[PDB]
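# Analysis of the macromolecular model
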Number of protein chains: 2
Amino acid sequence: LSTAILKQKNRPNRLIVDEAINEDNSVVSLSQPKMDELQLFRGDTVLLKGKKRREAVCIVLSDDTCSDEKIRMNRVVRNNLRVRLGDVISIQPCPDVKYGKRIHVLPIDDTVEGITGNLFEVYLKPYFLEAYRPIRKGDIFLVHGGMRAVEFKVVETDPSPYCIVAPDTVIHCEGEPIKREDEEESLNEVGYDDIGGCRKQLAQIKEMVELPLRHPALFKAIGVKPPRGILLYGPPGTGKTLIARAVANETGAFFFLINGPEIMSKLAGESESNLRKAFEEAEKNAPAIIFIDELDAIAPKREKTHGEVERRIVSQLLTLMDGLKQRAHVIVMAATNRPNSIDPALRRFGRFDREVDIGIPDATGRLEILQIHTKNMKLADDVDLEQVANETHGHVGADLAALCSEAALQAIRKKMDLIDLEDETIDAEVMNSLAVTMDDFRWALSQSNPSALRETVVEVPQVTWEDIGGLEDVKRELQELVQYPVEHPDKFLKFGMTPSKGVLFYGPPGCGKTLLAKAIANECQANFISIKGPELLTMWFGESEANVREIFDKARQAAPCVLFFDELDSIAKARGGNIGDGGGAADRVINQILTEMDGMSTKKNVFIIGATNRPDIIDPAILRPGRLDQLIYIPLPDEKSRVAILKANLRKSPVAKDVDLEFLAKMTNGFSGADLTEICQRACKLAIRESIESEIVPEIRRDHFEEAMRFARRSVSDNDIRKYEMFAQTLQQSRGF
Amino acid sequence: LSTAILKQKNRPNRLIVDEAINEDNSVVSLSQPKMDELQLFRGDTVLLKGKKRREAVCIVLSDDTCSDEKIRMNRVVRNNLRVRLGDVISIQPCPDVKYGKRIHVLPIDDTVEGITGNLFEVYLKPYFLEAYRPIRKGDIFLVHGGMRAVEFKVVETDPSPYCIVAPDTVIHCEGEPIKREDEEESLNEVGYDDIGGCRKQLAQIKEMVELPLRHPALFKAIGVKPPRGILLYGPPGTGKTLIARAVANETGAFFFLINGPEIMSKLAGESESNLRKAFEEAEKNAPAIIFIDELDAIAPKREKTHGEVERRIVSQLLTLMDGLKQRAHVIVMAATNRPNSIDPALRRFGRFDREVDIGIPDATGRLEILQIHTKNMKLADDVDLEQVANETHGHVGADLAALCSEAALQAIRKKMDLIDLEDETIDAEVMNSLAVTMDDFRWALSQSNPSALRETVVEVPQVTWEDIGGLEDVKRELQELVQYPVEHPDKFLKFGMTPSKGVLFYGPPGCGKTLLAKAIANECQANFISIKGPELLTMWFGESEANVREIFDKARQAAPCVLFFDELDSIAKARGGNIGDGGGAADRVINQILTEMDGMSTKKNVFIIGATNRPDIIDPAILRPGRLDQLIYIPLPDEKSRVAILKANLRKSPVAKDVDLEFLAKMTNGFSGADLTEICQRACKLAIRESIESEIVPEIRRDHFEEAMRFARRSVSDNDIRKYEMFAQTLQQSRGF
Ligand SMILES: Nc1ncnc2c1ncn2[C@@H]1O[C@H](COP(=O)(O)OP(=O)(O)OP(O)(O)=S)[C@@H](O)[C@H]1O
Ligand SMILES: Nc1ncnc2c1ncn2[C@@H]1O[C@H](COP(=O)(O)OP(=O)(O)OP(O)(O)=S)[C@@H](O)[C@H]1O
Ligand SMILES: Nc1ncnc2c1ncn2[C@@H]1O[C@H](COP(=O)(O)OP(=O)(O)OP(O)(O)=S)[C@@H](O)[C@H]1O
Ligand SMILES: Nc1ncnc2c1ncn2[C@@H]1O[C@H](COP(=O)(O)OP(=O)(O)OP(O)(O)=S)[C@@H](O)[C@H]1O
Ligand SMILES: [Mg+2]
Ligand SMILES: [Mg+2]
Ligand SMILES: [Mg+2]
Ligand SMILES: [Mg+2]
């Protein structure tokens, strides 16, 4: 529903297109139910406006040879106003056009080859009947008389659209022939199809920028105020400038790009003139978008800036934003990788109220980025882009572009024996065979250093219930506590009881506390933010009191979310618990945590889960009803659940049929899930060593597990068993004394 | 009494108005007891000056068809100088007016439709008898001869008020016809009726700005000094600029708006000239208001500023404020969202002595904001604005405007199938059916991120005595301790004993310490500030020694107030109590608390309540007679009070008649109120799960409570019972050793 602006299904005005049995660009295919169903008379030349402000023209009425009804062109339009199937192109006539001047010869490379003579009677004499060359700026067509392999481009025209040429016109002979790079920048221009992994953010940008500008009457009639300040933020390299470049040519509004450093590079006084002229030029054209890339470069915080020119620039920008009234229809867009460094006076109502978060893409998002970036390369048949997307975790769009570049370079290194640096040229038999293979991508992955490794990942974890053995009661309770209020809120307000927002996991280590938190988020298809104990202790010593703010509201914007606080014992160990260092477990950090969970409304879908291995040193303040009142105990797996844990851990391992998992389950009494995983890993290491030794078979046999069972260490002692058991019944007693 | 300037009841010069049986704008209704009761002779044309500096004119003496005595017009004046019923419009004649020039034709859209010819004999020939078109700048009237559906506006006039036109006048033909947006900004101009939730602050602003300016003689005769500096402060987006815009057109004084960033955006030297010219222009006109929006932008603290131009600006502003003597009648108003960032030299006597606090509106306040903002939209019939106001808690006026915008956008997204982006227009059958429904508002509420969530809410809590089970003795004591000195202060000075200002709540956790503090504030209709333990520990580590100042005086200005200090054990746990970390519970923070409660006068209505679950680790210094000498013990609920607690918790739940609450009360011996609430919540979860399972009935039955009673955990142990009991008698012994 939120991305409804990007949906094109169930449209009766669209159809599928197939291959063409003919190979002639001069012909077009028509249909009776697409031409005789309206009032389009038999015109001479009609325009065909597709996407990216590009149109095309050909000879109409060139059909009644192939099938009717459905429409189908050749494959030459694969690079002309088309990138994929399923596009609706609005066809509309344009009669009563004016008459323009003529255009002289504009050769490219047709003089140093063959004979030329005059080069005038090969494109104007044979094509003058009912066709006066409806040329336009951006039209590419093939016309000649010697080999039919050269194109021609026009730059001389009085109006913007096409026109009918007329003879007997004087042309000033000062036209310089163009090079190749001037037109090669145009076809590969950035569009909406070059953005990968930002489907959700693109819908928001379209509905708050393009919609208020193309249809201001819709927003005016409904009595609403269209937002005039949009701030794109995210980690560096996520594609903020790419969206700017995409909307700079995919929108029918006057675009004005303002670079951050470019403004700040000017002298004192000359920079404010640039901002004033930019806003004045935008105000002149009613459809207008202003993009201020690198907003943090020109608008830092006025309480920690140094120079006076920066403060004057910030005040000038604030005045310019406030001075835009309603009738101008000017939308100011900005992009920064440091949204917290923006002056707070700018992220206020009426200036930059709207904020779009371009976060790190997930595996599905980055697969699309890889496909977009490799769409112009030549891959082999063994490349698996899904595998590359899965392996990359902290990678952003820039990181994926760098990875593709490194993979391409690795392919070049492999063919250095054939290429000669001292040679004037290199054979074409090795261009066409130069393909990037999967081993090239693996090598690039081996030393790709991602730039978003430290960033908190907000995604849906891949850990399902299948990865967790046993613990059915905990699964049912977690479902009834998280999945229930998010799918059936009507059952909760009827009974008048607010859902409990908060669960604490406690028990012996290595029992599935992290797996349960990830699985409950995976089943509900909700976001999951995992913040560990030591991560909070490191993140605060830099005297940053607001470092829990951007992680608590990060969950809030990603609703529904599961905010997991793993390894709380590490935090609690920093103060000793009851007496410790004099102060309780309520040290500098968790007090912020309690303040933040107290401030979150109960109607929100953000769920908070905490896990600890040391329930004796958690402060009682976190158990208060309203924060983490739900105390779910995670016991050691028993006879029945150990078989399930082993089966879950051995799902990806070729275990032979003779392995009796029940016997190993019954032999290990006080073994946690981590101990069983360690047993399986030791068995696999034994199998790997056996295979390597026997190389100078690829199945885990009974003896492999028998040998690994000998060294199996128990992680939880008998005394810890009784302590955890007596603590599973008296944890809520911690509040009071 | 404080808002007496906004009261209009018991006025004999007012009456109610009903609908009109006639539909003719050219007629007006008169009455004998409203026309023959004064000395108004039978004039030709009389003005009718309403509100917002707007007046209207029509043909007088057009009655004696409908009923007399009472007055009633048509519904066409619903947008002309009227927004609601109950308005008194001062009627006064204006004879001996001068004669002005003429006005040429000012067409709008009457040339591209129909026939025009001359367009002169359709508004001047048929209307010249005893009516010379008393036109004025801002008059809208309907006059034509073809369809009577076009209006006309004048801009050409020599004087300000209306005049009698005279023929044979030469007009310079240079008048450019006006567009639509130039007049569309005027009717929707901000007025006093566009302010929601600031009824109290508007009365203060009117009585310290409009009153001293409209009637300086009243202030001079009484021998008082009218304040000449008003500072509006509050959280961002609360409506400070909106009040500026409202007083800019609702007051009969020369308004001069000074923007903060607009001054600071000028060059060195040019900014001071702007301030000097602004003050000079204000001094020229005796009724004058100067508004300095974003005062913190131009007047930061001189001890932590960086540039010299800022210091020069601050000194110039100080000199300009001090240079205003008494006879100028110039009132300087300022608005900032950071009142603590203002230079302290400016918030002194004679400069900005008066301060008006525009805080976050309550539910009633924000309901009015929602009504004001949706007054121009088209809602459905299922929308409940009271529900939206109740659900929004940390929302301010800007947040509510954004929520309304998001709700309107959600409505547009639902109708994307009918609207066509490629179409040149869209059908009018979907404008009129485009209504925002309640589910649209629910979706907008699901991800509205309020900007005032961290702000300390100062409101009257909704927790009444009905929400608290039992504890009648504590209720009576709290009444006799808080409600008594605030309603009957005469009974206290007679006996000569000062009321005890301070109560400490101690006892086992989950017994109603927070509920009692909220209920005692709700019954007395007093404000309530809840500051928790961890909130104080987080709020101080940023090395902010003045962070308890703005919360203690916040209670002082909101008198009567109940300053609640909940979860004091979390504060006391930060030092260990008796020995702990060597220091006692008197750490960095509570020493400020004791200093602040020592400084508050006993005649104030601010009441301080503290609550703790660990009375063994509170320092004795807080129990000193004069701070929290009243030690109210909150015991565990007994047989009799548990039934009341269950009834209070089950007031909003459909419990069946077969549930015997006395039996569950007698079965749970050492159960706190939180334990009973948890039992009820578990029973409701069981009922919800049963209903969901049976879906593939909506009443809590006996078995639901029987099952939930099995897992009911006791929160307070037997040892804690005896410790709390022995501590309930010897808490005052803590002072001394
Ligand atoms: N979603 C994406 N889809 C496709 N290509 C992408 C995407 N994100 C990034 N890229 C590529 O990576 C490059 C990184 O540039 P940008 O991310 O646009 O720069 P930026 O977003 O302004 O971040 P900075 O420069 O560090 S502040 C882009 O120019 C693209 O080539
Ligand atoms: N119930 C289980 N089913 C399957 N594997 C499990 C289970 N419990 C633990 N494991 C294994 O043990 C690893 C650690 O799981 P965690 O959820 O992190 O345990 P924990 O209770 O959080 O304690 P630690 O301190 O994190 S080891 C998992 O990655 C699994 O390999
Ligand atoms: N009480 C209110 N009644 C009606 N509309 C309101 C109210 N408060 C805010 N608004 C709306 O929300 C917008 C917020 O703008 P303002 O609050 O006036 O700006 P501000 O008060 O100067 O706060 P800043 O700009 O963050 S310092 C207003 O323009 C109104 O549209
Ligand atoms: N007397 C009571 N009547 C009804 N509900 C109660 C009562 N006492 C406690 N509760 C419930 O328990 C919850 C907690 O109430 P509080 O006043 O916060 O208890 P407390 O004494 O302050 O101890 P904590 O640490 O806050 S749980 C309330 O929201 C109610 O749901
Ligand atoms: Mg950029
Ligand atoms: Mg873990
Ligand atoms: Mg303002
Ligand atoms: Mg409490």
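Residues numbered from 1 in each chain as written, not as in the entry; some residues may be left out. Chains lettered and ligands numbered in written order. Part of a larger assembly, values for the part shown. Heavy atoms only, no water. Residues with missing side-chain atoms left out of burial classes, pairs and counts.

Method of determination, as given in the entry header: cryo-EM; reported resolution: 3.0 Å.

### Examining the overall build of chain A
Within chain A, the regular secondary structure consists of 25 helices and 14 strands. With respect to the principal axes defined by its C-alpha atoms, chain A has extents near 105 × 70 × 60 Å. (Helix = DSSP H or I, 4+ residues; strand = E, 2+ residues; numbered from the N terminus.)

### A short note on the site of ligand 2
All names here are of chain A. Of all residues adjacent to ligand 2, which total 16 residues, the nearest are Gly469, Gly510, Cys511, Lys513 and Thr514. Within the contact set of ligand 2, an oxygen atom lies 2.8 Å away from a backbone nitrogen or oxygen of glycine 510. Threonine 677 is positioned such that a nitrogen or oxygen atom in its side chain is 3.2 Å from an oxygen atom of ligand 2. Computed on the free molecule, ligand 2 has an accessible area of 610 Å², of which 76% lies beneath the protein chains in the complex. For the shell around ligand 2, the secondary-structure elements that each account for two or more residues are α16 (513-523), α21 (639-649) and α23 (673-695). Here the residues of the shell around ligand 2 sort into 6 nonpolar, 8 polar and 2 charged. (Near = heavy atom within 4 Å. Polar contact = N/O pair within 3.5 Å; in protein donor to acceptor, adjacent residues only side chain to side chain. Areas by Shrake-Rupley, 256 points an atom, 1.4 Å probe, with all protein chains shown as cover. Nonpolar A, V, L, I, M, F, W, Y, C, P; charged D, E, K, R; others polar.)

### Observations regarding the UniProt feature "binding site: ATP 2" in chain A
Residues and elements named next belong to chain A. UniProt feature "binding site: ATP 2": in the numbering of this structure it lies at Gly510, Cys511, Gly512, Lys513, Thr514 and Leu515. Along the polypeptide, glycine 510 turns up in the loop between β10 (503-506) and α16. Within the secondary structure, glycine 512 sits in the loop between β10 and α16. Residue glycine 512 is classed as buried on the basis of its relative accessible area, which comes to 15%. (UniProt positions renumbered as here; feature names shortened; annotations may be inferred. Buried < 20%, exposed > 50% of the residue type's maximum accessible area, 1.4 Å probe, protein only.)

### Description of the coordination of the magnesium ion (ligand 7)
Of the protein atoms, only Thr241(B) (OG1), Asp293(B) (OD) and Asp293(B) (OD) coordinate the magnesium ion (ligand 7), at distances of 2.1 to 2.5 Å. One end of the pair, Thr241(B), is in helix α5 (residues 240-250); the other, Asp293(B), is in strand β7 (residues 288-293), with 52 residues separating them in the sequence. (Donors = N, O, S within 2.8 Å, 3.2 Å for Na, K, Ca; no water.)

### A few points about unusual backbone geometry
That bond from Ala559(A) to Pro560(A) is cis: its omega, 0 degrees, falls within 30 degrees of zero. Tracing the chain through its elements places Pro560(A) in the loop between α18 (549-557) and β12 (561-565). The backbone of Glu130(B) sits at a positive phi, close to 45 degrees, despite the residue not being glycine. Here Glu130(B) lies in the loop between β2 (55-56) and β3 (141-142). On the accessibility criterion, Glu130(B) (61% relative accessible area) is exposed. Unusually for a residue other than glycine, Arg148(B) sits at a positive phi of about 55 degrees. With respect to the helices and strands, the residue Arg148(B) is situated in the loop between β3 and β4 (151-152).

### Quick notes on the pairing of β7(B)
Residue and element names in this part refer to chain B. Within β7, 6 of the 6 residues are buried, which leaves the element mostly enclosed by the surrounding structure. Of the two faces of β7, the one carrying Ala288, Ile290 and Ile292 and the one carrying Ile289, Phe291 and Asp293 are both buried. By the bridge criterion, 6 bridges tie strand β6 (residues 254-259) to β7 in an arrangement that is parallel. Looking at the pairing, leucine 257 lines up with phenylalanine 291 of β7. Taken together, the 6 bridges between β7 and strand β8 (residues 330-336) define a ladder with parallel strand orientation. Each residue of the ladder has a partner; that of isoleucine 292, found in β8, is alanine 334. (Pairing = 2+ DSSP bridges.)

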